[PDB]
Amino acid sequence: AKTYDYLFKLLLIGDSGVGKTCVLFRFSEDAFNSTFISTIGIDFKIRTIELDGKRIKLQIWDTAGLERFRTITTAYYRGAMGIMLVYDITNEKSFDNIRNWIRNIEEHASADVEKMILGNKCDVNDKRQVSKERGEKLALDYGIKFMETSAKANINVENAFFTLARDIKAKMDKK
């Protein structure tokens, strides 16, 4: 009856407009819509994957980046088992703000939560403002895994979610 062996709660955070909802739409529905519809508060989507012969249900919560929803969104940090911190490689402010999103994680998420930084929109390289090297170095400084992704071109979206789920599972299994 239970359609899974593990259930992982994941969370997407980051500035408004960086592509969190599009990343989830690509992962959960394998599609891309360029029409921007800002997220009201929070939403979630589901996808089940297979790791080590186990069924892993991913319950993925998509937060609004806009400040007016901040209190609504931060209530969902405590239960998260893995958190994607998303910025937009064409928006330097969104990258600068990753440091503040990490602070928000430290303040409200579980101490041991798995984290990953995604530099999204890596298909738009002629409007790139954040070098891949700078993204890698920031992630290195915080000891967090890093990937550049594109919801539009479908680059590293499955890789990001599969990798985060494998890191959650390995920690669970070893304990």
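The first residue of the sequence shown is number 1, and the count goes up from there.
A.B. asks: Please compare 41-49 with 125-133 and say which has the higher mean C-alpha temperature factor in the record.
C.D. replies: Result: 125-133.
A.B. asks: Which wins on mean Cα temperature factor, 29-37 or 114-122?
C.D. replies: That would be 29-37.
A.B. asks: Among 147, 56, 66, 60, single out the one with the highest C-alpha B factor in the record, please.
C.D. replies: The C-alpha B-factor peaks, among 147, 56, 66, 60, at 66.
A.B. asks: Rank-wise, by C-alpha B-factor, drop residue 154 into the lowest, middle or highest third of its chain.
C.D. replies: CA B-factor rank for residue 154: highest third.
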